[PDB]
Amino acid sequence: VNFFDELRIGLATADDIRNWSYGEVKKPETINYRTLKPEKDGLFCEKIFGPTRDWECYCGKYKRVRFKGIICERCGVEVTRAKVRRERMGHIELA
Amino acid sequence: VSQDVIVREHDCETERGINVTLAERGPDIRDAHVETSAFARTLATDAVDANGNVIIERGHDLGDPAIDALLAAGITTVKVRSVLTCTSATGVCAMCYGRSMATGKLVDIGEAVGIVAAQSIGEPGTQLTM
Amino acid sequence: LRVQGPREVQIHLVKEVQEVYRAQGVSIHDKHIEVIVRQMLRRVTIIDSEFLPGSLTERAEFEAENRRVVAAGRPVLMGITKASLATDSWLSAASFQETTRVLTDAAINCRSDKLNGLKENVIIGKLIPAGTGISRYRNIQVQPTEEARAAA
Amino acid sequence: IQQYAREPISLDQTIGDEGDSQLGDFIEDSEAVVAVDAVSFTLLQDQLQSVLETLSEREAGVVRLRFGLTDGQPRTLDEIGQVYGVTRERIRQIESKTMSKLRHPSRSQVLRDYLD
Amino acid sequence: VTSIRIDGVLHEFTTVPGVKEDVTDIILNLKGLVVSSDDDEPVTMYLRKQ
Amino acid sequence: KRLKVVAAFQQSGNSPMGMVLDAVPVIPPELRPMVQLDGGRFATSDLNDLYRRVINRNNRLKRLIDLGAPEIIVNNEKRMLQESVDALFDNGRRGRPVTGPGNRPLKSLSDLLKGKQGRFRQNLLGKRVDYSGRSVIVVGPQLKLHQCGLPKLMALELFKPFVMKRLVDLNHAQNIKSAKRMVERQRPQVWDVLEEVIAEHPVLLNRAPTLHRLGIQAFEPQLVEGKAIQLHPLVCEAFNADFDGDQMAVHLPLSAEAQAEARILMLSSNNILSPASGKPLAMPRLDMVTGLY
Amino acid sequence: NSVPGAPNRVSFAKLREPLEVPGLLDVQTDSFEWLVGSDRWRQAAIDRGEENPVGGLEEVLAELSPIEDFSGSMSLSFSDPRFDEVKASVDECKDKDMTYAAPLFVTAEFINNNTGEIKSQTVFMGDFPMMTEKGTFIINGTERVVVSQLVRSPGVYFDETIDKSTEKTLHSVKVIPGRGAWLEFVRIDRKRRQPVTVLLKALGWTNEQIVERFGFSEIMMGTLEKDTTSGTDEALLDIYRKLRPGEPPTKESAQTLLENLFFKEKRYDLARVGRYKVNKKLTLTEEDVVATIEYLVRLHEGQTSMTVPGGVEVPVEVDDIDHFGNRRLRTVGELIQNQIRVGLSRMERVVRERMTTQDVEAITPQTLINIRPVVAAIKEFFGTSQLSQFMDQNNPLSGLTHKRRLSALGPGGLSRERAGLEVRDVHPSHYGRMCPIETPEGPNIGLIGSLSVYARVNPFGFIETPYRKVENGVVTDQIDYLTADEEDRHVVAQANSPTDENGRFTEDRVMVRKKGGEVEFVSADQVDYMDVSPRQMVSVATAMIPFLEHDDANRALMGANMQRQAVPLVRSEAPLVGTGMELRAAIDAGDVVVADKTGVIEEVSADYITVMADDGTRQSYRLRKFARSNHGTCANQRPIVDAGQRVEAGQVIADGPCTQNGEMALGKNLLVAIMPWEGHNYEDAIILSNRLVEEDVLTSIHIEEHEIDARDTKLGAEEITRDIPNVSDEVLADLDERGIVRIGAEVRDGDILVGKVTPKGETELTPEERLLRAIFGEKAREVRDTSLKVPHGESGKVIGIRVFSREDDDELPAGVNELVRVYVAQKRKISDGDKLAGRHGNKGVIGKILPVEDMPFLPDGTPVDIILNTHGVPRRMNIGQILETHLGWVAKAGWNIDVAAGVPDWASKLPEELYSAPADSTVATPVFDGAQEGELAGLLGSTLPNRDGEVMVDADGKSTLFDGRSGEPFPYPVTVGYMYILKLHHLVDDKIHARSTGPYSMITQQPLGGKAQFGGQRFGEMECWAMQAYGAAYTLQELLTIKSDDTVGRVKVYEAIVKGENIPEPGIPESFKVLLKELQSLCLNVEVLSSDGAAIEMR
DNA sequence: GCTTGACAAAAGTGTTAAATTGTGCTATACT
Ligand SMILES: CO[C@H]1/C=C/O[C@@]2(C)Oc3c(C)c(O)c4c(O)c(c(/C=N/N5CCN(C)CC5)c(O)c4c3C2=O)NC(=O)/C(C)=C\C=C\[C@H](C)[C@H](O)[C@@H](C)[C@@H](O)[C@@H](C)[C@H](OC(C)=O)[C@@H]1C
Ligand SMILES: [Zn+2]
Ligand SMILES: [Zn+2]
C-alpha cells in the first residue's frame, strides 16, 4: 500500500497479546541437539511460528504448493511460505 | 526542532515585521553587519524619506543598490518581513523568509528552510573555540 | 521574556547567537537563526483549563479551541531539545531521544501520529512533505501540446 | 560427543572491542531472493514455452504433464496415459521421441546457456 | 627481455639452492641488461652456470 | 503531576489493567534467529536465553502451585518470574543486568530500539544501500565543473545491470546469462558499451561528515584510468575535501525522478554560493589565487 | 657507531653520547624474566639488591601456601615451580596454529593434622606461554604483544577542591588499595552520611584519646561533640546497618565486620607498591588509618610538617595523580602475574570445598587440585585481553613501537570514553620517560604513548631516567637512574652546556630544571645532576625525524605515527639524510640477522648463512623468505655478506624488510621540486615520475592467506575435490588432482583456489530445472558447491600451499577433516591514489604520474621524481622538510669546504672532519644536536660535477627547471633536492569498493557493509539531512526503500533495468515492518490506520 | 499407431528390533 493515514499506540491488553499469538510456547527448547530441527511447542516451534522451508510441513506429508493454507494433521504445521516465520508471534500464559 | 519548517505559500500578507538598524549617526556609516541583517530581506512597509518621498516600496528585495539608495535618503532604520512575525498557518511564506542564499532569488515554495538553517548554523561550529 | 514580551526575546536571542558566530569570523544570515528561534516561542503555558495547568500547548492549537465559541496562558520560552520532544509526532520524538520515556507516555496517552512531518515519512518510506514531495509538485500532469503532436 | 558439547555463541556479541561491529549483522541471508537469477529464470521460463511450441500439441502436452510444468506436480506415465486414453508404455514411447526431438540441436542450442 | 624461465623455480618469489640472490632480486638485476636484437620475432637466449 | 497520568487514562479507552501482564508476547523467531556459522558452530540472539529464563520460571511456578508449597517458596518463584520478564523487556533497568559468559549483559528488547546502534538511527534513519561505492580521490584539474573522474572498474559494477541489457540488445551476448559472465570476466567488448550507458547519466558524490547539503553534489561521470576518483578542484571547499588520502562515496540515481533531481537540484554547477551566507564557494582558491594575483 | 659493521654515516653532533641507547626491547623482556625468574634475572638482583629474589610465579605461590579449611585439620602447601623445555619452536608454532609454551610443574603437599601424614605429588599446572627473543608471544599461531598499562599506584592521595556553596576550601582524601573496599574522608564503599569520628569509636578507642590525639584540630573536637554515637559497640552498629542494610547484626559479626573488611589480609590486600608508598609517606592497622586523619587535619590547617607518636616528620601537601611518582606502569610480567592469581584463587575454592565432601585420607594433591581455572586464566588473557594485542608488523619499526607502547586503557585503568582531559595533557615528569610527541591523533590522544629512548622501568613499576650527577660544577661519569619522585628533589642541568676541558662548567650560568618544574639559573655551583644527552624526552620513532627541532609538535606527531604505517619495498634503500637512530633501531627490532659470535662465513645462500666462529663452534641462520607479515607486508630477508668475509660479534649478516646495511630504510630518496605544477599537485596531492614505476623504486610485495576446511556435516562429510557440480572444464584448468590451485598459477577475482563440495538435502528441483536435466542429460548432482574462490578485486600469483588432512595424522578440531591454506602474493607498483609521506607529517596521495619525458628536469636532463606543492608547506609549520630537501642534495652531489687559507666563520663552531664528503655519502643530523642553519648555507655551494663541471643547484637550493611539455625554462629558480618519502599502508587497490547488488543482512534486509561481504555504502542520518535540504524526495525515498530494505522492490527494479522498463514504485521498508513487530513484543499495540479504513495488516 | 505380458527397479506399508529418551532413586550426618 505504502500510504497510511495514522499510526497509533496503546497499552496492549492480555487479550490483544493472545489474539496476536498463533499458539502458546510451552517449552524452553530451541532445537534438537542431533537433528538440529525445531523442537515442538518450544521457541522456533514450526507448529506455532511457521515452516522452515516454503510449502513444507515438519514431517513432510504435504510438501507441494498444490495445497496452500492447509495444516498437516500429523505435525500441525501450516503449508505456506517460510516468510511467516518472520511475521508471526507467540505468547506465554503466566501462572 | 526545525526539520518540519518548509515554505508553504507565497505570502501570508501580514504587515508585521522587525526593525533593522542599517546605519547610525554617520557622517556627523553602514552598520557593521547589514549584509546578514538587512540584505536578503523584504520590506514590510514603505521606506519614507524625511518627508513623504517614499524611496523604496514595500516588498522590495533589498539588494546592494537599494541599501546605497536608502542611505542617500538618510533612513536610519527599516521595518522588514521575518519568519518571526510570519502568520502562515503551516510553515512559513516565501515573502517573509526572503531571498534564497543559494539561488539569489525569492525562495521557492518547496524549500525546507528548517534543515538548511540548522546546517547553516552547525557547519561552522567546528570553527568556534569551544 | 516576561519583561519585554515574546517578540523582544527573539530579537535578543538572535543578537546573542549572532555575536558568538561573529567573534569567530562566521557569516550566518539572521534569517537562519530566526527559523530556529521561531520554534522556541511556538507554545504557551496553560494557567487554567480541555486543557491542564502547567502544560505546554501549541499557540495555534490553543487559540481555536480556547474560543469554543461561547483558559488563559502566557508566552513560553523553551529550549530546542525540550521543544522538539513536545512534537505531535510520537515516533518522531521516539527516534530523537529518550525512546523509552517517549513510548511509555505515548502508549498511555493513546497517541495517534498523522505522519505529516518529514522524518515520519522517511521512517516508513513515504515521500517527505517538502520539495518535489509536496502535493502541487508530485501531482503535476504533463502532456504534449496539440500543436506539438501535429508536428510529430 | 565432542561436537555435541559445543555451546552456541551470541549474535549480539561485539566482534573486536576495537570496532563496535555486532557479529549478528555480518550474517548473510542464504534464502534471500537473487535478482539476476529470478530474472533469468523468468527468461528461461519463456524460452521453454517457445521450444515446446515447436512440439506437437500432444508432444508438448505430455512433456508438461510429465514434469508438471503447468501444475508444478509431476505425473506418472500411467496418469498421463489416462488423460490421452493410452497405456503407460505408449506414453513412455512418446516421451523418448519428443526428448530426442528436444535434443535436436535446433531446439537445444538456445537453452544451453541455462546449465547453471 | 620480455620473459624468463628458470628450471627449478615455478614463480618469482622463491629462492634457488646455492644462489645468493633470490629470484625476485635476480630479476631486478636482469632489468639492467642492455641488449640489441637485429631480428624481429622473439628470440630466446640461454644461460647456464655451475 | 499525579493528575496528568490519571487524566490520560480517562479520555483514552485504555484500561489501566494493561500495566500488569497476564500473558507475554513472544517475538517471531527470525527476529531472534539461531543459525550456524561457516564451520558448524552456532550463534543465537540473547532474547532466547531471556525467553528461556521466563519460560523456565513460569513452568516451575505451575509445578510448585500444584504440589502445594509454602508461600516462602511460591512467593520466591513469583519474585523470580517478575525479574525474568523485567530483564526480557529492559535488562539492567532494575538491579544488576542479566549477563552471559564473560560477564557481558544480555540484549533486551529495549536494547534493540535505543542508542546509535538501535533500529531508528542504525536501520531506520540511515542504512546501507545498493548501487554505491567509494575510493580515494585525486585532483581533476582538467575536468569541467559538472564532471568527475570515475574508475572504470567501479563504474562497470555500478552500472552492471545497465550494461548487461545494452550488450544483450546488441548481439554481443545472446542471453542474460552470457551478459552477466561477459561483465564479470571483463571481456574487452563491454567498455565501449559502458561509455554509452554512462553518457549523461548523473551520479551523486558524498564525503563524510556531511555538514551542509553541499556535502552531496551530482556530476557527469567520466571513465578514468586507475582506481582513484578524479574530483574537480573547485568543489573541495564545499566537501571540505583534502587530498591527503580522503575517500568519497558514489551513489547511482536510478528512477527518472531521481535523475531529474540530480541534474536539476543537486548538479555541481548549479550550486555555487553557500546556502548560508550567499557568498561564493566554488570561488578559486590557494593556487588559482596566487596564479591570478 | 661502536657497532662492528656499522656503515659510515657522518654526524653533525657537537656533543658526545656518554651513554649508549639501552636495549629498547628490555622493557618487555625484563618483565617476563622476573615472572619466570630465570637465572639471568636471579644474578641481577643478587649482585646489587635484595638477597631473596622472588620470581613472579613463586611470589603468587607464596600467597596460596598453605591451604587450610576452617578446621585447619588438613593443609596443602605449594612450592618449587618448574619449567620444561619448550614444546615446539616458534617457527613450528606459527605454522601449526599452536601456542609457544613450556609445561609447568609444581610441588603439592597435603598434610592431615589428625593423621599427620604426607602425600607429596608432582602436579602439572599446564602449558605456560613463553616470550620469544623479540619480546612477543605466539598465541594459537599468531604473534602477539602485551602492552604495558598505566595505573594509579595504590596509596593515600589528598586533593583540595573549593565548594561554591560556601566559597571556601575543602579537603578530601582517598586510599586506593590493591584489592578491597575503598574509603574516602567518612565515605566508605559508596556509603555517605558517615562522621569520621564514629569509626574511631568503632575500634573501641575512648573519647579521651580523641581529645588527646586530635589536639590542635578544632573540627576534630567539634565533630565528636556533634556526633550522637555513645559507646564503641554502638558506633559499630551505626556503621553496620548502613554497610549491610537488611541484615540484623550480632556482636560476633559487628566487630569482625571492620577487621575483616580492611585489617584482615584476605579481603584487603596489602600492595607492595601501596605498602611502600604510605609507609614512607606516613599492612593496614590502625596506625595507617589514624595517620591519614592526622595527615588530613594538618593539610586543612596549613602546616607543612606533620609528626605524631613514633613517626618520622614528612611534609603535608596535596598529591598529583598524574605525577609519574604516583602513576606507575604495569609491565607484561605483572599483567600475567595478576591473571595467574585470579586462577589460583578460583582453584583454592575447589581445593577447600573438595576436602569437605571428599573422603578424608582418600584425597591427594591431584584429587583436590583442578587446574581448569588456572589454565583458563592464561588462555583467556593472551586471547581477548585488551593488553594482549595482535602484533603490528608493517615494518620493523611498527613492531618495535608496539612493544614499548604504554596504554592507560584496559581493566584496572580509566576507560577510553570516561577519562577527563587532565590526564591527557603532558606533565613535567614525562621528560625522558614518556615521549610527549608520539601519541594518537584521534580520540585516544594523551592516553597512549611510547617509552622514551633512555627510559627504564623499576621493579616497583615506576619509570626511571638516566642522569649524570654533577658535583661542584664538574659533571662526573657517574650515571644514576632516578625515579620521578627523587628527580624533583634535585636540579637537572641541561644536556647541552659548554664543556670545560677535563670536565667543568664553563658557562657563567647553567640551564636548570626545578620541581615545578621551573627553569632557572645558577653559577654552576648548585647543580647536582645533568642530562645524559638531548632527546631524552624523545621516543625511538620521534628521534628518527631529521630536523625535529624545526617542526611543530602537531606535524611531528603525525610524522611519528606515519613511520609505523610505512611498508617494506623491494629494494629498501636507506635514508640519505637521517639521524642517529637508524642503525640502532633496526637491530633492536629483531627483523635483522645479527651474529652472536666473532668468526668467518662458511657459506652464503638465499636460504641460510653459516659462520665458523673462532671458538671452533658453528652457528647458522635460516633466512625468512617472502614471509607474509601479520598485516600482509613482505618479511623477506637478504644477505649482506660474502663467503670469505670476516665478522665480529653483534654485526649485521642480512638485511630485514625495511633495512639496508643495518639501519632502518622506511622509504626511498627522491629528487623533489617544490613548484606548483599545472594544478595537478594541489591541496596536498603529489605527482611522480613514471620512472618510479619502470624501475620499481616504490614497488612493494603483499601476500594474502586464504583458508577453507572440510568438516563433518550432519548429512555426510565435506570432501575437497576437483569435481564441481556445474562448471566448465576451463574453470578447473589450474586445479590439480585434489582440487587445489597449482603452485605458481595466476588467480583472478572469482577464480577457484580450493574445490570443495558439501552434501545436499531433499533437492526438489524446479520443474523447469528438471526438464533441462533430461534434455542435456546432466544428472542433477547430490551435493552443493561450496568452494573457496579469490575475493573481489584481488589478484596475484600462488606462492605456496599448506594442507592438513585427517587421513594424515595431523591435529584438527573435532569435525574438521581437512584444512588447506593458500598463499597469494602480488607486486604492487606505485599507483595514483596511493598515499606517500615524509617524516615531517607531510602526507598526500599520488595525483598524477607523468612520463619521464614531460617533467621539470634540471639542465642536466635529469627529470625530477616528485613535485610537491608550495602552498601546503608554509602554513603547516613543518619546515624541516625543506631543510632535508637541501641537505638531501648536499649528500647526493658531495661537497668540499674551502681549504683556502683556513676554515670559514660558519664552520667555526665544531664541525669536525666534515669538510669533505664524496658523492652519495649519507648524513646523520641527531634531532637536537643536528646541523644548524649557518652550516647549511656554507654547504649549499659545494662540489659540482654532474658529469661536466657545471653546478646544478645554487647556494639558495634552487635550479632552473625545463618544462618537459613546452620545452621552455620556468621563469623563476625552483627549489630542487632529495627528500626521503615513505610508502604508506593505505593503498587504492584495498580502498576501492563498488556494489550493484549483493548479500543482504538476515534480520534486516539491508546490504551488509564491508568489502569482505561485498557490501554497499551507508547512507546515514547526516546524508539524509543533506538530501532533505535539497528537497529531493524521490532520490531520498529511492535510497531508503528499493536500494536497501524493500524485499520485493529491489528485485523488481533489477528486473526493470534488465528489460529497459520504467523503475516501479517503492514498497514498505522491511526495517519498519520489523519495528512494529519489536514494538508489539513490548506489549505496545501499534496499529497502522487508514484515513477511514481503520486497521491495516502487513503481510 | 498402439496394446499385451513378463519383469525389475522403485516406492509404500506394516511389523520388529534396536536406539533413544524420560524419570525415579540413592537412608551416618551435613541447615
Ligand atoms: C586486543 O587488542 C585490541 C584491543 C582494543 O580495546 C581498546 C578499547 O583497548 C585498547 C588498549 C589497552 C590499547 O593499548 C590500544 C592501543 O595501544 C592502540 C589502539 C589503536 N588501534 N588502532 C590503530 C589506528 N587505526 C586507525 C585504528 C586501530 C587501541 O585501539 C587500543 C585499545 C582499544 O581500542 N594503539 C594506537 O593507536 C597506536 C599508536 C598504534 C596501533 C598499531 C596496530 C594498528 C594495533 O596495535 C593493532 C595491530 C592491534 O594491536 C590493535 C588494533 C588491537 O586490535 C587487535 C584485533 O589486535 C587492539 C589493541
Ligand atoms: Zn506434516
Ligand atoms: Zn509570512
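So the sequence lines, in the order shown, correspond to chains Z, V, H, P, Y, E and F. Note that our numbering numbers the first sequence so that position 1 is 323, with each residue one more than the last. Note that our numbering numbers the second sequence so that position 36 is 38, with each residue one more than the last. Note that our numbering numbers the third sequence so that position 137 is 240, with each residue one more than the last. Note that our numbering numbers the fourth sequence so that position 66 is 157, with each residue one more than the last. Note that our numbering numbers the fifth sequence so that position 33 is 164, with each residue one more than the last. Note that our numbering numbers the sixth sequence so that position 155 is 156, with each residue one more than the last. Note that our numbering numbers the seventh sequence so that position 237 is 249, with each residue one more than the last. Where a beta carbon is used, it is the ideal one built from N, C-alpha and C, also for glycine.
Taking the C-alpha atoms as reference points, what is the distance between residue 106 of chain F and residue 155 of chain F? Within the seventh sequence, numbered from 1, the residue matching residue 106 of chain F stands at position 94. Within the seventh sequence, numbered from 1, the residue matching residue 155 of chain F stands at position 143. Answer to the nearest angstrom: the Cα atoms are 8 Å apart.
Based on the DSSP secondary-structure assignment, which residues constitute the bridge partners of residue 689 of chain F? Residue numbering aside, residue 689 of chain F sits at position 677 when the seventh sequence is read from its first letter. DSSP lists no partner for residue 689 of chain F.
Spatial distance of residue 463 of chain F from residue 644 of chain F (CA atoms): In the seventh sequence, the residue the question calls residue 463 of chain F occupies position 451. In the seventh sequence, the residue the question calls residue 644 of chain F occupies position 632. Rounded to the nearest angstrom, the two C-alpha atoms are 27 Å apart.
Is it a yes or a no for the stretch 535-548 of chain F touching the stretch 375-382 of chain F, going by three-plus beta-carbon pairs under 8 Å? no
Just confirm the distance between the C-beta atoms of residue 520 of chain F and residue 604 of chain F, as a whole number of angstroms; I'd bet it's less than 8 Å. The sequence position of residue 520 of chain F within the seventh sequence is 508, counting from 1. The sequence position of residue 604 of chain F within the seventh sequence is 592, counting from 1. That belief does not hold up - the Cβ atoms of residue 520 of chain F and residue 604 of chain F are roughly 47 Å apart, past 8 Å.
Please confirm if the stretch 507-527 of chain F is in contact with the stretch 555-566 of chain F, defined as three or more CB-CB distances below 8 Å between the two stretches. Proximity of the stretch 507-527 of chain F to the stretch 555-566 of chain F falls short of the contact definition, fewer than three beta-carbon pairs being nearer than 8 Å.
At the level of alpha carbons, what is the spacing between residue 338 of chain Z and residue 374 of chain Z? As a working mapping, residue 338 of chain Z is identified with position 16 in the first sequence. As a working mapping, residue 374 of chain Z is identified with position 52 in the first sequence. If you draw a straight line from the Cα of residue 338 of chain Z to the Cα of residue 374 of chain Z, it is about 26 Å long.
Nearer than 7 Å: is that true of the beta carbon of residue 404 of chain F relative to any heavy atom of ligand 4? Absence of ligand 4 is noted for the structure shown, with ligand 1, ligand 2 and ligand 3 being the only ligands found.
Residues from the stretch 155-170 of chain E in contact with chain F, defined by Cβ distance under 7 Å: 155, 158, 159, 161, 162, 163, 165, 166
Verify the CB distance criterion: does residue 262 of chain E have a CB-CB separation below 8 Å to chain H? Position 261 of the sixth sequence holds residue 262 of chain E. Yes, contact with chain H.
Does the pairing of the stretch 291-300 of chain F with the stretch 456-471 of chain F give three or more beta-carbon distances under 8 Å? no
What three-state label does DSSP hand residue 176 of chain F in the structure shown? For this step, residue 176 of chain F is matched to residue 164 along the seventh sequence. Residue 176 of chain F falls in the coil class under three-state DSSP.
Exposure of residue 187 of chain P, with buried meaning 16 or more beta-carbon neighbours within 10 Å: Within the fourth sequence, residue 187 of chain P is the residue found at index 96, counting from 1. Flag for residue 187 of chain P reads exposed.
Assign residue 369 of chain F to one of two classes, buried (16 or more other C-beta atoms within 10 Å of its C-beta) or exposed (fewer than that). If you number the seventh sequence from 1, residue 369 of chain F lands on position 357. By the 10 Å Cβ count, residue 369 of chain F comes out exposed.
Assuming residue 597 of chain F is part of the alpha helix (DSSP H), what are its boundary residues? Within the seventh sequence, the letter at position 585 stands for residue 597 of chain F. Run containing residue 597 of chain F: 593-599, per the alpha helix (DSSP H) assignment.
Cutoff 6 Å; reference residue 383 of chain F; Cβ partners in own chain excluding five residues on either side: To locate residue 383 of chain F, count along the seventh sequence from 1; it is residue 371. Cβ within range, chain order: 137, 138.
Would you say residue 803 of chain F faces chain P, with C-beta separation under 8 Å as the test? If you number the seventh sequence from 1, residue 803 of chain F lands on position 791. Chain P, which has no Cβ nearer than 8 Å to the Cβ of residue 803 of chain F, makes this no.
Residues from the stretch 151-163 of chain P in contact with chain Z, defined by Cβ distance under 8 Å: Cβ contacts with chain Z come from 162, 163.
Which chain V residues are close to residue 548 of chain F, counting only those with a beta carbon under 7 Å from its beta carbon? In the seventh sequence, the residue the question calls residue 548 of chain F occupies position 536. In chain order: nothing, as chain V lies at least about 34 Å away.
Based on Cα-Cα distance, which residue from E:235, E:95, E:294, E:62 lies nearest to residue 74 of chain E? The count along the sixth sequence starts at 1 and reaches residue 74 of chain E at position 73. Nearest option by C-alpha distance: E:62.
Which residues of chain H have a Cβ atom closer than 7 Å to the Cβ of residue 5 of chain E, listed in chain order? In the sixth sequence, counting from the first residue as 1, residue 5 of chain E sits at position 4. Those within 7 Å of residue 5 of chain E in chain H are 155.
At the 8 Å Cβ level, is residue 108 of chain E part of the contact set with chain H, yes or no? On the sixth sequence, position 107 is the one that residue 108 of chain E refers to. Residue 108 of chain E does not count as touching chain H.
In whole angstroms, what is the alpha-carbon distance linking residue 181 of chain E and residue 1009 of chain F? Translated into the one-based positions of the sixth sequence, residue 181 of chain E becomes position 180. Translated into the one-based positions of the seventh sequence, residue 1009 of chain F becomes position 997. The straight-line gap from Cα to Cα measures roughly 13 Å.
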